[PDB]
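Protein sequences, first through last, are from chains B and C. Using the authors' numbering, count along the first sequence one by one with no gaps and you end on 854. Using the authors' numbering, count along the second sequence one by one with no gaps and you end on 562. Each remark here refers to the structure printed beneath this line.
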Amino acid sequence: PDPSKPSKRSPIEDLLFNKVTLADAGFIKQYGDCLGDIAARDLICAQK
Amino acid sequence: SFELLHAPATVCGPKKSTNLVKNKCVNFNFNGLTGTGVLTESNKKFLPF
């Protein structure tokens with residue numbers, strides 16, 4: 807762990823998360839240019 | 514013969530006028546297009562067709 811990277815992640819671990827691209831379930835909350843938050847837990851995930 | 518398309522609709526029923534209901538799950542019905550949903554102001558581009 808590198809206590810300068812988020813959480814108890816090593817320099818390698820940092821690359822292991824940052825180099826995998828997630829744009830699947832739970833990262834899409836709103837769809838079709840609808841209004842409302844697309845962040846935190848402040849609005850209901852309704853993926854599409 | 515019913516033509517439902519772009520441009521304003523001119524024939525509607527003998528019902529009480531209202532503009533819209535907002536941010537509520539309602540059965541919407543605008544320009545003859547229907548469905549069940551929540552209405553908010555549009556935020557996207559349109560063509561005149």
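Note that beta-carbon positions come from the ideal geometry of N, C-alpha and C, so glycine has one too.
List the residues of chain C that residue i touches, going by C-beta distances under 9 Å, in chain order.
i	result
residue 839 of chain B	555, 556, 557
Based on the DSSP secondary-structure assignment, which residues constitute the bridge partners of residue i?
i	result
residue 559 of chain C	Answer is none; residue 559 of chain C lacks a bridge partner.
residue 538 of chain C	C/551
residue 543 of chain C	C/546
Take residue i as the anchor and find which of the options has the nearest alpha-carbon.
i	options	result
residue 839 of chain B	C/558, C/522, C/527	C/558
Would you be able to state if there are at least three C-beta pairs under 8 Å between the region 521-533 of chain C and the region 824-839 of chain B? No, they do not touch.
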